[PDB]
Amino acid sequence: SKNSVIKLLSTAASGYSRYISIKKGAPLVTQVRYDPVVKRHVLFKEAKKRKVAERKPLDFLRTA
Amino acid sequence: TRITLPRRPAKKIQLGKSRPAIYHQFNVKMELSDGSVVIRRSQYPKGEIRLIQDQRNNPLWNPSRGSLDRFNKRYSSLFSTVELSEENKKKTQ
Amino acid sequence: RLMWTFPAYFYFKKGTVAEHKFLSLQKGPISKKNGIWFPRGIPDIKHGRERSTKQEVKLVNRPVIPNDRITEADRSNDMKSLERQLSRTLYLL
Amino acid sequence: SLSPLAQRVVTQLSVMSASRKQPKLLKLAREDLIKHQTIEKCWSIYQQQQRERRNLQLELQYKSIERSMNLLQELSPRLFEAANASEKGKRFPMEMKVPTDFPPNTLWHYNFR
Amino acid sequence: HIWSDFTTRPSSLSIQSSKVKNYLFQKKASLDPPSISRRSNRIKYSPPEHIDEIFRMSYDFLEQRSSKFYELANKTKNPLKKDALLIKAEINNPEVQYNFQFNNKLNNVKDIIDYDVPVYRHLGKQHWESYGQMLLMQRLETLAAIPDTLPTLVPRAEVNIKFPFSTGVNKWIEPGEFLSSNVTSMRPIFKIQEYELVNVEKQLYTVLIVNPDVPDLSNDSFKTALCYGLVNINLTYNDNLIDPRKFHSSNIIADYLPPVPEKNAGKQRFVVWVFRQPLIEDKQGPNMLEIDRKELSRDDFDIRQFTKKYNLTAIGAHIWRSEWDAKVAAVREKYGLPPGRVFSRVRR
Amino acid sequence: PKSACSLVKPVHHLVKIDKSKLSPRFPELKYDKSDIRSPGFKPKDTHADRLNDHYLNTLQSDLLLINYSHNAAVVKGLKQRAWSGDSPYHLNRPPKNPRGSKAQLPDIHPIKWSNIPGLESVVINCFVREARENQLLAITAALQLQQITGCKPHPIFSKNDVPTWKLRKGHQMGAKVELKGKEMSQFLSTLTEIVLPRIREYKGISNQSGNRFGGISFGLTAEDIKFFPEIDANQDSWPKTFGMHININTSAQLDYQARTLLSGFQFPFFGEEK
RNA sequence: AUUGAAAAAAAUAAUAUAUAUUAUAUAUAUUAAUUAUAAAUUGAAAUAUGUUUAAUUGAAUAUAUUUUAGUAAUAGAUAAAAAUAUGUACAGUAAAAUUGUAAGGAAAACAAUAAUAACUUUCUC
RNA sequence: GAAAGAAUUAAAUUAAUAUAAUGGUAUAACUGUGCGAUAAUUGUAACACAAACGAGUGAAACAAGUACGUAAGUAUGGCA
Ligand SMILES: [Mg+2]
Ligand SMILES: [Mg+2]
Ligand SMILES: [Mg+2]
Ligand SMILES: [Mg+2]
Ligand SMILES: [Mg+2]
């Protein structure tokens with residue numbers, strides 16, 4: 001399995017949720033879409049937990 | 001294997017805010033082989049330079065106007081033409 | 001006014017006799033210090049330069065002394081001489 | 001972290017880079033800005049005039065050459081032919097040097113070859 | 001020194017501020033700029049070095065050039081050429097540049113920016129071409145106010161409108177704005193700023209506000225509607241605000257009827273057009289023209305036909321666009337217009 | 001996206017709408033880079049350019065005099081030939097490519113007061129091939145270039161891929177710098193006076209070198225770069241040093257004219273000319 | 001505002017404050033910033049407080065308080081090296097072949113290679 | 001007569017298009033860049049194309065909300 005399915009649950013606690021597909025070790029996928037219960041654009045976040053390909057956090061502060 | 005300097009996140013130059021690279025430059029006097037001085041802008045900090053080998057003493061740039069040297073130095077008392085005439089019998093070849 | 005800072009750290013290595021002379025020749029910028037009024041704004045300094053102003057950088061072993069552009073011939077007003085005007089195009093009449 | 005060679009490369013890079021080496025922006029007052037504009041415009045005009053003068057002079061020279069060559073063609077055909085040759089490999093003489101800022105010790109050479 | 005002389009030359013070419021003028025013309029960089037009002041900021045400020053002597057030299061150079069131009073300008077007889085010469089003479093004057101750049105062009109005070117002066121007028125034209133004219137052209141093309149009403153426009157005069165009498169607030173209308181029915185309840189005010197050399201005494205103008213987007217249900221299309229029509233208006237380069245003060249009741253060929261868009265009829269373009277009159281020779285004074293007031297109709301109005309009839313040339317334009325809101329019924333009631341129709345939401 | 005169909009609508013006016021001016025997004029960018037109010041401002045005409053002045057005074061008139069050919073007409077270049085209409089298949093046919101060449105060549109004009117040859121631009125291409133191993137070498141080369149010129153270099157990247165030479169695609173390898181105006185002139189003057197005399201056995205730029213149209217070139221070894229005064233002043237700061245190509249671009253119609261011009265600026269020419 | 005130098009004001013735009021209107025307007029004041037961001041027993045600079053030399057300032061040196069040095073690429077709305085493959089806004093043109101050029105060679109990189117009639121502005125005979 | 005601009009004409013889609021092949025694409029659908037990361041959103045979708053049914057395809061419009069754009073507008077994933 002290369003591309004897995006996930007459940008994005010609305011942040012405005014309606015219960016509304018949208019499902020999308022991602023690569024197995026993709027970053028946490030949050031997106032702003034229309035919640036029809038609330039009748040506005042709200043944040044969606046992943047309901048379940050899963051492991052991620054850990055990227056090194058690129059440093060803008062010039063280290064050393 | 002490939003030796004590199006790994007890049008940091010690039011700094012966003014905004015459109016319109018880009019400024020031209022005006023490097024720090026000193027006015028430098030070059031005295032050539034002869035006494036002709038010329039001013040040139042230069043990044044290295046030296047107000048005056050005098051040059052030894054230039055176009056103004058090269059034969060290619062003015063046609064109208066060191067083993068050998070070592071040899072000359074260490075066979076100077078003898079003074080080494082007359083010498084050629086003495087040591088040039090053309091029978092044997 | 002718009003020129004960059006002179007990157008002295010490159011041209012002069014830290015803890016060297018040549019650097020020390022350069023430092024002595026130079027004079028530093030006035031830094032910001034708490035509890036004081038700076039009526040020409042607070043000092044903006046990076047690599048030891050007031051960003052708000054122009055920077056001045058003061059610098060065989062012989063001084064390069066250029067020759068005088070006016071000549072002896074020019075002074076005398078000798079019309080037959082070729083060295084009489086050095087900055088102009090002379091024509092034979 | 002880094003080698004001495006890596007450090008020296010970084011220093012070299014810095015020399016070229018605009019990172020923390022450049023001053024504040026050149027702000028002007030409105031009167032000062034106007035004065036600057038008038039300085040620049042006048043200068044530009046002067047430069048244009050100079051260009052026209054030089055260009056005009058060149059045109060005049062060209063006209064004179066044309067006038068000469070027609071006359072030469074009319075009079076002596078051989079002389080005209082000699083004048084009008086291909087000067088493909090013509091090289092400026094190496095004595096005609098680019099005028100320096102200050103003159104040399106020996107201004108002029110009276111002897112040659 | 002031609003630019004210091006004000007015997008024949010207008011007063012507007014000088015800077016009216018004394019301090020600013022003094023700062024401009026000094027022998028050393030001793031004084032501090034009048035623009036910087038605050039003491040601390042003046043102290044902080046440092047002008048670029050050597051600027052004075054060079055500036056003075058530049059002034060002398062351009063002053064000499066101006067003087068030379070003036071030598072030609074007075075000998076010239078034909079008017080457009082003379083004006084062009086005058087412009088050439090004074091355009092590089094620092095004082096006139098200061099005046100124009102840093103003071104308002106829209107509501108110009110005559111002593112600072114005089115549009116009677118040719119140079120200032122040229123500057124104003126150039127400024128208009130740089131932004132406002134382009135914008136106007138874009139709004140005419142995008143909204144489709146050109147081909148729908150009047151084929152083309154060659155923008156010559158800068159036209160700005162206002163609605164002072166309705167609400168109370170002061171605002172010049174940006175082209176292609178959505179105005180409320182309250183805002184456009186009473187009539188607008190025009191300002192036709194002319195930049196070409198034109199006979200101020202003789203040249204008359206007409207102003208027509210037209211609504212191409214009123215629905216005609218017999219044709220199953222739209223028809224035009226002359227919402228406001230003025231004729232024979234006198235403009236002057238400085239005195240150019242077309243207000244009930246200026247124009248008389250005789251000038252009004254069709255008195256202002258407000259935008260009253262119907263519900264679901266859509267967005268309605270109101271595109272004011274400014275024409276200049278045809279100028280007749282061998283006749284002193286302003287040549288008027290009579291309009292057949294029974295012939296031209298307001299509920300249906302061929303703008304192009306009208307233009308052809310009276311030999312007009314469209315020099316300027318401006319546009320707003322109104323759509324239905326709650327207060328249009330109130331506006332109709334105030335004006336005594338009928339209740340107003342209501343259309344289906346679907347364009348079936 | 002409902003469609004990909006690109007189709008610019010016609011307009012009903014001749015006014016040229018500058019779309020950049022109608023926005024309020026980039027207020028600093030509306031000013032020209034020549035204008036003082038722009039952050040992109042740089043003092044251009046800072047001092048009197050010496051080589052340029054010399055060209056103006058002495059050379060340009062001489063060059064004009066040299067290049068005068070009596071009643072010389074224009075020599076048209078090789079162009080795309082049209083088909084003779086001796087067949088109905090010629091009717092919307094693309095034109096035949098030029099005679100010898102695949103690309104079209106320019107017309108050679110007679111030299112008059114307007115179109116006298118002169119220096120247009122210098123380009124200093126330095127592609128260091130050891131930088132396939134070491135990226136830091138490219139940086140050092142760029143610095144060297146900057147030092148030499150007093151102008152900001154631009155990084156060269158490997159555009160191609162090849163196995164024989166150990167070369168990847170998209171790898172920083174040396175640098176280039178297009179000099180123009182006064183800096184270029186200075187660089188030429190330095191080349192003529194300081195550097196090219198200190199090369200021991202140098203005859204000249206080859207007469208077989210160059211473009212077909214007003215462009216001449218040559219190159220300097222790593223040995224030759226140590227004569228540049230910014231390099232020359234300190235041997236110690238530069239342990240390594242990289243060669244370079246030097247593309248001189250003239251306003252010359254043909255290459256012999258360009259060579260003659262360069263000779264006027266004290267560049268020696270040695271080989272047998274074409 | 002105090003400080004330096006030797007009556008006021010008349011744009012745009014931004015910022016601050018106020019109010020006008022079923023109008024993101026107007027009024028007054030002022031022109032900031034603009035390539036930066038934590039962490040340095042070691043480099044460099046300033047200021048303050050002492051001491052010694054030629055009330056004095058320069059010069060030298062000690063402590064304190066700061067400031068700088070973390071040195072890192074794009075400087076251009078970048079435009080066919082590589083990299084964010086869906087939106088939108090603005091802008092531009094590729095390729096091949098040919099002629100050259102330091103190592104460079106058929107094959108690394110860079111340069112150059114169709115025509116200006118008319119139009120606008122600028123300078124000029 | 002010169003400089004600069006606006007450009008126009010000719011040529012080109014042989015490169016490039018995430019991917020086959022074909023059609024299309026410089027008015028670019030290709031490429032660069034700012035913002036953004038939203039429309040790779042939510043309910044009704046007529047009417048067509050295609051079509052035994054099951055399905056498939058293009059899609060005006062109405063309503064809710066979002067992003068970019070000075071605006072006009074564009075976006076209900078990708079030139080097809
Ligand atoms: Mg294809
Ligand atoms: Mg069918
Ligand atoms: Mg079916
Ligand atoms: Mg696409
Ligand atoms: Mg695609």
# chains A, B, ... in the order shown; residues from 1 in each chain; ligands from 1
$ interface_residues --of "chain F" --to "chain E" --cutoff "10 Å" --atoms "only C-alpha atoms" --output "count of residues only"
14
$ interface_residues --of "chain C" --to "chain E" --cutoff "12 Å" --atoms "only C-alpha atoms" --output "list in words"
residues 1, 2, 37, 38, 39, 40, 41, 42, 43, 52, 53 and 54 of chain C
$ write_last_selection --atoms "N, CA, C and O atoms" --output "tab-separated table (two decimals), in the first residue's frame"
chain	number	residue	atom	x	y	z
C	1	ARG	N	27.67	56.60	-0.19
C	1	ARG	CA	26.50	56.52	0.69
C	1	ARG	C	25.80	55.16	0.56
C	1	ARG	O	25.48	54.52	1.57
C	2	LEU	N	25.59	54.73	-0.68
C	2	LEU	CA	24.95	53.45	-0.98
C	2	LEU	C	25.89	52.24	-0.96
C	2	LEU	O	25.41	51.10	-0.95
C	37	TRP	N	20.21	59.62	25.04
C	37	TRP	CA	19.58	60.19	23.86
C	37	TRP	C	20.60	60.32	22.74
C	37	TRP	O	21.65	60.95	22.92
C	38	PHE	N	20.31	59.71	21.60
C	38	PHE	CA	21.05	59.92	20.35
C	38	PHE	C	20.17	60.75	19.42
C	38	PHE	O	19.33	60.19	18.70
C	39	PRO	N	20.33	62.09	19.43
C	39	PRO	CA	19.47	62.94	18.59
C	39	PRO	C	19.59	62.79	17.06
C	39	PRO	O	18.76	63.36	16.34
C	40	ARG	N	20.58	62.04	16.57
C	40	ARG	CA	20.65	61.64	15.15
C	40	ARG	C	20.19	60.19	14.96
C	40	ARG	O	20.78	59.44	14.18
C	41	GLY	N	19.14	59.79	15.68
C	41	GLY	CA	18.64	58.41	15.65
C	41	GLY	C	19.53	57.43	16.40
C	41	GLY	O	20.68	57.75	16.73
C	42	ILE	N	19.00	56.24	16.65
C	42	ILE	CA	19.74	55.18	17.34
C	42	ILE	C	20.70	54.55	16.31
C	42	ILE	O	20.30	54.33	15.17
C	43	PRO	N	21.96	54.27	16.71
C	43	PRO	CA	22.91	53.63	15.78
C	43	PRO	C	22.48	52.25	15.26
C	43	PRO	O	22.25	51.33	16.05
C	52	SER	N	23.11	54.02	8.55
C	52	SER	CA	22.47	55.29	8.17
C	52	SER	C	23.38	56.28	7.42
C	52	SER	O	22.87	57.26	6.88
C	53	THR	N	24.70	56.04	7.40
C	53	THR	CA	25.65	56.97	6.78
C	53	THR	C	26.68	56.29	5.87
C	53	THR	O	26.82	55.06	5.86
C	54	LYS	N	27.39	57.13	5.11
C	54	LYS	CA	28.55	56.73	4.32
C	54	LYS	C	29.68	56.24	5.23
C	54	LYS	O	29.89	56.79	6.31
$ residues_near_ligand --ligand "ligand 1" --cutoff "12 Å" --atoms "only C-alpha atoms (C1' of nucleotides) and all ligand atoms" --output "list in words"
residues 13, 14, 15, 16, 17, 21, 22, 23, 24, 25, 79 and 80 of chain H
$ residues_around --residues "residue 27 of chain A" --least-positions-apart "3" --cutoff "12 Å" --atoms "only C-alpha atoms (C1' of nucleotides)" --output "PDB file with N, CA, C and O atoms, in the first residue's frame"
ATOM      1  N   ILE A  22      -3.839  10.150   0.858  1.00  0.00           N
ATOM      2  CA  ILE A  22      -2.467  10.674   0.940  1.00  0.00           C
ATOM      3  C   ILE A  22      -1.435   9.549   0.849  1.00  0.00           C
ATOM      4  O   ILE A  22      -1.765   8.375   1.035  1.00  0.00           O
ATOM      5  N   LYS A  23      -0.193   9.923   0.546  1.00  0.00           N
ATOM      6  CA  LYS A  23       0.944   8.999   0.614  1.00  0.00           C
ATOM      7  C   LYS A  23       1.182   8.580   2.065  1.00  0.00           C
ATOM      8  O   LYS A  23       0.898   9.344   2.990  1.00  0.00           O
ATOM      9  N   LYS A  24       1.714   7.373   2.245  1.00  0.00           N
ATOM     10  CA  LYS A  24       1.841   6.745   3.572  1.00  0.00           C
ATOM     11  C   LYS A  24       2.553   7.596   4.627  1.00  0.00           C
ATOM     12  O   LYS A  24       2.101   7.665   5.772  1.00  0.00           O
ATOM     13  N   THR A  30      -4.089  19.136   6.934  1.00  0.00           N
ATOM     14  CA  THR A  30      -5.175  19.990   7.362  1.00  0.00           C
ATOM     15  C   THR A  30      -5.566  20.851   6.169  1.00  0.00           C
ATOM     16  O   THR A  30      -4.695  21.329   5.436  1.00  0.00           O
ATOM     17  N   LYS A  45      -9.138  18.567  10.219  1.00  0.00           N
ATOM     18  CA  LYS A  45      -7.922  17.937  10.737  1.00  0.00           C
ATOM     19  C   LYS A  45      -8.109  16.429  10.793  1.00  0.00           C
ATOM     20  O   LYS A  45      -9.238  15.941  10.875  1.00  0.00           O
ATOM     21  N   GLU A  46      -6.995  15.700  10.766  1.00  0.00           N
ATOM     22  CA  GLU A  46      -7.028  14.238  10.789  1.00  0.00           C
ATOM     23  C   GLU A  46      -7.496  13.734  12.152  1.00  0.00           C
ATOM     24  O   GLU A  46      -6.917  14.089  13.182  1.00  0.00           O
ATOM     25  N   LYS A  49      -4.514   9.076  14.360  1.00  0.00           N
ATOM     26  CA  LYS A  49      -3.074   9.347  14.400  1.00  0.00           C
ATOM     27  C   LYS A  49      -2.326   8.368  13.502  1.00  0.00           C
ATOM     28  O   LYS A  49      -2.772   7.237  13.285  1.00  0.00           O
ATOM     29  N   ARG A  50      -1.186   8.818  12.986  1.00  0.00           N
ATOM     30  CA  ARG A  50      -0.349   8.007  12.105  1.00  0.00           C
ATOM     31  C   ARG A  50       1.065   8.561  12.027  1.00  0.00           C
ATOM     32  O   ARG A  50       1.302   9.743  12.296  1.00  0.00           O
ATOM     33  N   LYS A  51       1.993   7.693  11.644  1.00  0.00           N
ATOM     34  CA  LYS A  51       3.406   8.047  11.576  1.00  0.00           C
ATOM     35  C   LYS A  51       3.716   8.823  10.305  1.00  0.00           C
ATOM     36  O   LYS A  51       3.076   8.623   9.269  1.00  0.00           O
ATOM     37  N   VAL A  52       4.710   9.700  10.407  1.00  0.00           N
ATOM     38  CA  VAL A  52       5.046  10.656   9.356  1.00  0.00           C
ATOM     39  C   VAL A  52       6.538  10.575   9.053  1.00  0.00           C
ATOM     40  O   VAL A  52       7.348  10.326   9.950  1.00  0.00           O
ATOM     41  N   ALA A  53       6.891  10.782   7.783  1.00  0.00           N
ATOM     42  CA  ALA A  53       8.290  10.887   7.372  1.00  0.00           C
ATOM     43  C   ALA A  53       8.868  12.188   7.929  1.00  0.00           C
ATOM     44  O   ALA A  53       8.557  13.275   7.433  1.00  0.00           O
ATOM     45  N   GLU A  54       9.694  12.066   8.968  1.00  0.00           N
ATOM     46  CA  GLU A  54      10.189  13.226   9.711  1.00  0.00           C
ATOM     47  C   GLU A  54      11.209  14.026   8.899  1.00  0.00           C
ATOM     48  O   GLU A  54      12.352  13.596   8.718  1.00  0.00           O
ATOM     49  N   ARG A  55      10.775  15.184   8.406  1.00  0.00           N
ATOM     50  CA  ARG A  55      11.658  16.135   7.736  1.00  0.00           C
ATOM     51  C   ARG A  55      12.377  16.976   8.783  1.00  0.00           C
ATOM     52  O   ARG A  55      11.812  17.277   9.839  1.00  0.00           O
TER      53      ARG A  55
END
$ closest_residue --among "D:69, D:60, D:107, D:83" --to "chain H" --atoms "only C-alpha atoms (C1' of nucleotides)"
D:60
$ residues_around --residues "residue 126 of chain F" --least-positions-apart "4" --cutoff "8 Å" --atoms "only C-alpha atoms (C1' of nucleotides)" --output "list in words"
residues 141, 174, 175, 176, 242, 243, 244 and 245 of chain F; 109 and 110 of chain G
$ interface_residues --of "chain H" --to "chain E" --cutoff "8 Å" --atoms "only C-alpha atoms (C1' of nucleotides)" --output "PDB file with N, CA, C and O atoms (P, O5', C5', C4', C3', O3' and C1' of nucleotides), in the first residue's frame"
ATOM      1  P     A H  61     -23.777  30.624 -15.996  1.00  0.00           P
ATOM      2  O5'   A H  61     -25.196  30.447 -15.293  1.00  0.00           O
ATOM      3  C5'   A H  61     -26.369  31.087 -15.828  1.00  0.00           C
ATOM      4  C4'   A H  61     -27.621  30.546 -15.177  1.00  0.00           C
ATOM      5  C3'   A H  61     -27.706  30.682 -13.662  1.00  0.00           C
ATOM      6  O3'   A H  61     -28.079  32.012 -13.311  1.00  0.00           O
ATOM      7  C1'   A H  61     -28.322  28.492 -14.277  1.00  0.00           C
ATOM      8  P     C H  62     -27.503  32.689 -11.979  1.00  0.00           P
ATOM      9  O5'   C H  62     -28.329  31.962 -10.830  1.00  0.00           O
ATOM     10  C5'   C H  62     -29.766  32.007 -10.825  1.00  0.00           C
ATOM     11  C4'   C H  62     -30.324  31.152  -9.713  1.00  0.00           C
ATOM     12  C3'   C H  62     -29.632  31.260  -8.366  1.00  0.00           C
ATOM     13  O3'   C H  62     -29.922  32.493  -7.713  1.00  0.00           O
ATOM     14  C1'   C H  62     -30.048  28.993  -8.834  1.00  0.00           C
ATOM     15  P     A H  71     -10.404  44.722  -7.180  1.00  0.00           P
ATOM     16  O5'   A H  71     -11.189  44.803  -8.564  1.00  0.00           O
ATOM     17  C5'   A H  71     -12.259  45.750  -8.749  1.00  0.00           C
ATOM     18  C4'   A H  71     -12.394  46.133 -10.204  1.00  0.00           C
ATOM     19  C3'   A H  71     -13.071  45.113 -11.113  1.00  0.00           C
ATOM     20  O3'   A H  71     -14.489  45.209 -11.000  1.00  0.00           O
ATOM     21  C1'   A H  71     -11.115  45.942 -12.163  1.00  0.00           C
ATOM     22  P     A H  72     -15.402  43.888 -11.020  1.00  0.00           P
ATOM     23  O5'   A H  72     -15.382  43.455 -12.553  1.00  0.00           O
ATOM     24  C5'   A H  72     -15.862  44.325 -13.597  1.00  0.00           C
ATOM     25  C4'   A H  72     -15.379  43.850 -14.949  1.00  0.00           C
ATOM     26  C3'   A H  72     -15.661  42.389 -15.284  1.00  0.00           C
ATOM     27  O3'   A H  72     -16.984  42.248 -15.797  1.00  0.00           O
ATOM     28  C1'   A H  72     -13.399  42.884 -15.763  1.00  0.00           C
TER      29        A H  72
END
$ residues_near_ligand --ligand "ligand 4" --cutoff "10 Å" --atoms "only C-alpha atoms (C1' of nucleotides) and all ligand atoms" --output "ChimeraX atom specification"
/F:1,3-4 /G:85-86 /H:17,29,77-79
$ write_last_selection --atoms "N, CA and C atoms (P, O5', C5', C4', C3', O3' and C1' of nucleotides)" --output "PDB file, in the first residue's frame"
ATOM      1  N   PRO F   1     -10.573  24.241 -13.300  1.00  0.00           N
ATOM      2  CA  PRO F   1     -10.485  24.737 -14.672  1.00  0.00           C
ATOM      3  C   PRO F   1     -11.576  24.177 -15.579  1.00  0.00           C
ATOM      4  N   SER F   3     -11.863  25.122 -18.794  1.00  0.00           N
ATOM      5  CA  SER F   3     -11.197  24.890 -20.076  1.00  0.00           C
ATOM      6  C   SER F   3      -9.778  25.438 -20.119  1.00  0.00           C
ATOM      7  N   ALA F   4      -9.047  25.008 -21.144  1.00  0.00           N
ATOM      8  CA  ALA F   4      -7.684  25.458 -21.407  1.00  0.00           C
ATOM      9  C   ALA F   4      -7.595  26.366 -22.639  1.00  0.00           C
TER      10      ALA F   4
ATOM     11  P     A G  85       5.375  21.479  -9.156  1.00  0.00           P
ATOM     12  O5'   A G  85       3.974  22.156  -9.505  1.00  0.00           O
ATOM     13  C5'   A G  85       3.533  22.353 -10.864  1.00  0.00           C
ATOM     14  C4'   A G  85       2.589  21.253 -11.309  1.00  0.00           C
ATOM     15  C3'   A G  85       1.374  20.973 -10.414  1.00  0.00           C
ATOM     16  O3'   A G  85       0.150  20.915 -11.149  1.00  0.00           O
ATOM     17  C1'   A G  85       2.483  18.956 -10.934  1.00  0.00           C
ATOM     18  P     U G  86      -0.386  22.193 -11.970  1.00  0.00           P
ATOM     19  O5'   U G  86      -1.871  22.380 -11.428  1.00  0.00           O
ATOM     20  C5'   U G  86      -2.861  21.348 -11.580  1.00  0.00           C
ATOM     21  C4'   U G  86      -3.973  21.523 -10.572  1.00  0.00           C
ATOM     22  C3'   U G  86      -4.433  22.949 -10.305  1.00  0.00           C
ATOM     23  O3'   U G  86      -5.236  23.498 -11.346  1.00  0.00           O
ATOM     24  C1'   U G  86      -4.138  21.849  -8.251  1.00  0.00           C
TER      25        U G  86
ATOM     26  P     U H  17       7.967  18.567 -20.736  1.00  0.00           P
ATOM     27  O5'   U H  17       6.422  18.934 -20.835  1.00  0.00           O
ATOM     28  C5'   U H  17       5.846  19.900 -19.937  1.00  0.00           C
ATOM     29  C4'   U H  17       4.396  20.149 -20.280  1.00  0.00           C
ATOM     30  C3'   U H  17       3.436  19.018 -19.918  1.00  0.00           C
ATOM     31  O3'   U H  17       2.407  19.417 -19.009  1.00  0.00           O
ATOM     32  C1'   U H  17       3.122  19.702 -22.185  1.00  0.00           C
ATOM     33  P     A H  29      -2.041  29.714 -21.348  1.00  0.00           P
ATOM     34  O5'   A H  29      -1.860  28.138 -21.493  1.00  0.00           O
ATOM     35  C5'   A H  29      -2.037  27.264 -20.361  1.00  0.00           C
ATOM     36  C4'   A H  29      -2.062  25.820 -20.806  1.00  0.00           C
ATOM     37  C3'   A H  29      -0.828  25.339 -21.568  1.00  0.00           C
ATOM     38  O3'   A H  29      -0.503  24.000 -21.212  1.00  0.00           O
ATOM     39  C1'   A H  29      -2.739  25.067 -22.920  1.00  0.00           C
ATOM     40  P     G H  77     -14.004  19.298  -9.715  1.00  0.00           P
ATOM     41  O5'   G H  77     -12.771  20.058 -10.375  1.00  0.00           O
ATOM     42  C5'   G H  77     -11.712  19.328 -11.010  1.00  0.00           C
ATOM     43  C4'   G H  77     -10.412  20.076 -10.854  1.00  0.00           C
ATOM     44  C3'   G H  77      -9.312  19.667 -11.818  1.00  0.00           C
ATOM     45  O3'   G H  77      -9.487  20.402 -13.026  1.00  0.00           O
ATOM     46  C1'   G H  77      -8.468  19.651  -9.610  1.00  0.00           C
ATOM     47  P     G H  78      -9.248  19.716 -14.453  1.00  0.00           P
ATOM     48  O5'   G H  78      -7.666  19.778 -14.620  1.00  0.00           O
ATOM     49  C5'   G H  78      -6.964  21.025 -14.501  1.00  0.00           C
ATOM     50  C4'   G H  78      -5.485  20.782 -14.339  1.00  0.00           C
ATOM     51  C3'   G H  78      -4.767  20.225 -15.562  1.00  0.00           C
ATOM     52  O3'   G H  78      -3.452  20.771 -15.546  1.00  0.00           O
ATOM     53  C1'   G H  78      -4.545  18.706 -13.785  1.00  0.00           C
ATOM     54  P     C H  79      -2.601  20.906 -16.888  1.00  0.00           P
ATOM     55  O5'   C H  79      -3.647  21.501 -17.930  1.00  0.00           O
ATOM     56  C5'   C H  79      -3.241  21.751 -19.282  1.00  0.00           C
ATOM     57  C4'   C H  79      -4.422  21.665 -20.215  1.00  0.00           C
ATOM     58  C3'   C H  79      -5.049  20.287 -20.363  1.00  0.00           C
ATOM     59  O3'   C H  79      -6.024  20.052 -19.349  1.00  0.00           O
ATOM     60  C1'   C H  79      -4.563  21.145 -22.500  1.00  0.00           C
TER      61        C H  79
END
$ atom_distance --atom1 "atom CA of residue 15 of chain B" --atom2 "atom CA of residue 157 of chain F"
24.7 Å
$ residues_around --residues "residue 26 of chain B" --least-positions-apart "5" --cutoff "9 Å" --atoms "only C-alpha atoms (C1' of nucleotides)" --output "list in words"
residues 40, 41, 42, 43, 44, 45, 46 and 47 of chain B; 57 of chain C
$ write_last_selection --atoms "N, CA, C and O atoms" --output "tab-separated table (two decimals), in the first residue's frame"
chain	number	residue	atom	x	y	z
B	40	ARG	N	42.46	53.41	-11.03
B	40	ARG	CA	41.44	52.40	-11.28
B	40	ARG	C	40.74	52.03	-9.98
B	40	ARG	O	41.38	51.95	-8.93
B	41	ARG	N	39.43	51.80	-10.05
B	41	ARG	CA	38.65	51.37	-8.89
B	41	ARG	C	38.88	49.88	-8.64
B	41	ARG	O	38.84	49.08	-9.58
B	42	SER	N	39.13	49.53	-7.38
B	42	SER	CA	39.54	48.17	-7.01
B	42	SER	C	39.01	47.79	-5.63
B	42	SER	O	38.87	48.63	-4.75
B	43	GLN	N	38.73	46.49	-5.47
B	43	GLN	CA	38.08	45.97	-4.26
B	43	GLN	C	39.09	45.69	-3.14
B	43	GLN	O	38.73	45.76	-1.96
B	44	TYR	N	40.33	45.37	-3.51
B	44	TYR	CA	41.40	45.12	-2.54
B	44	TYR	C	41.90	46.44	-1.94
B	44	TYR	O	42.05	47.43	-2.67
B	45	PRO	N	42.17	46.47	-0.61
B	45	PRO	CA	42.59	47.72	0.04
B	45	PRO	C	44.08	48.05	-0.15
B	45	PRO	O	44.92	47.66	0.67
B	46	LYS	N	44.39	48.75	-1.23
B	46	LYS	CA	45.75	49.25	-1.50
B	46	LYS	C	45.69	50.50	-2.37
B	46	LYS	O	45.44	50.41	-3.57
B	47	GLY	N	45.93	51.67	-1.77
B	47	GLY	CA	45.86	52.95	-2.46
B	47	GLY	C	46.85	53.13	-3.61
B	47	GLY	O	46.53	53.81	-4.59
C	57	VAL	N	37.02	54.40	4.81
C	57	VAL	CA	37.99	53.37	5.16
C	57	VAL	C	39.39	53.86	4.76
C	57	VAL	O	39.76	53.80	3.58
